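Only one chain is given next, in structure tokens, and it is the form deposited in one PDB entry.
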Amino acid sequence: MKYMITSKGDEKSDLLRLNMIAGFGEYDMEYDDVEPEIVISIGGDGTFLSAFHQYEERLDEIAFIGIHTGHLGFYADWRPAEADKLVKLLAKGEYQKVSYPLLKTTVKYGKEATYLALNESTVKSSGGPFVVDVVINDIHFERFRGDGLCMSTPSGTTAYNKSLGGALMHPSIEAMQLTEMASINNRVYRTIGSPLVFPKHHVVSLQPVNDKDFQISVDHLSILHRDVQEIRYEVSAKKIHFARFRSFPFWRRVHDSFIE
């Protein structure tokens, strides 16, 4: 079937990509990077992130697979020396799809822009004090002062969210998690402190207080947005699909990356 392979760009990953293409040449497999049905990423989680955003407009037709060339990633869970068995396994098919939730970010001006995040989306100010009003389902919840806020997907909770004190949530939970960055709390300023975990259909909305310029990130992309009236976070209707050939539980994946 149609497939394509993206590479981190170094000597190891490039020459690994060519050997898998040569293997696929021995099967009923067509290379096409315009309309692939299997997207193989060789490199790190950054390379996987690129592959995801490269094809984010055909998510329900693509199954992703990641190979990690030098670390072990959360999205790239195949060893380079296991690439041969991967070629064969894919060649037959009848494999299994597992799906992870994604985060939708909407930015409104005084035309509205929408983004999709697999890890997280963060907001900071463009230099100067970051102050925003936090609104949950049209109800005012708190006035946040600090360095910024981070809204994470389930599979992203092991990334930036973890460094901010957030909890690691299993990706079978359709949720999003908001964490604080160096929140100031005193007698006059008051934030919840704790990470918040929202279900599907809950809309968290950030609204400027004075400054209307914010540095907004979605995964690895970061843009300075001018004249912002609203940022809206919610769990996306879209999901990312993975091809799985073997049992590799999320908590096992958490164990191997952080314990030993």
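Residues that one form lacks are left out of the comparison. Think of the rigid core as the biggest set of C-alphas that the two forms share within 1.5 Å after superposition. Sequential numbering from 1, following the sequence displayed.
Not on display, but discussed next: the form deposited in another entry.
Engineer: My question is whether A81 is one of the residues whose C-alpha shifts by 2 Å or more between the shown form and the other one, given a fit on the rigid core.
Structural biologist: No, its C-alpha moves less than 2 Å.
Engineer: Is there a C-alpha shift of 2 Å or more at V188 between the shown form and the other one once the rigid core is superposed?
Structural biologist: True for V188: a C-alpha shift of 2 Å or more.
Engineer: In sequence order, what stretches of at least three consecutive residues shift by 2 Å or more at the Cα level between the shown form and the other one, with the rigid core held as reference?
Structural biologist: Runs 185 to 189, 247 to 249 stand out as displaced between the shown form and the other one - each at least 3 residues long.
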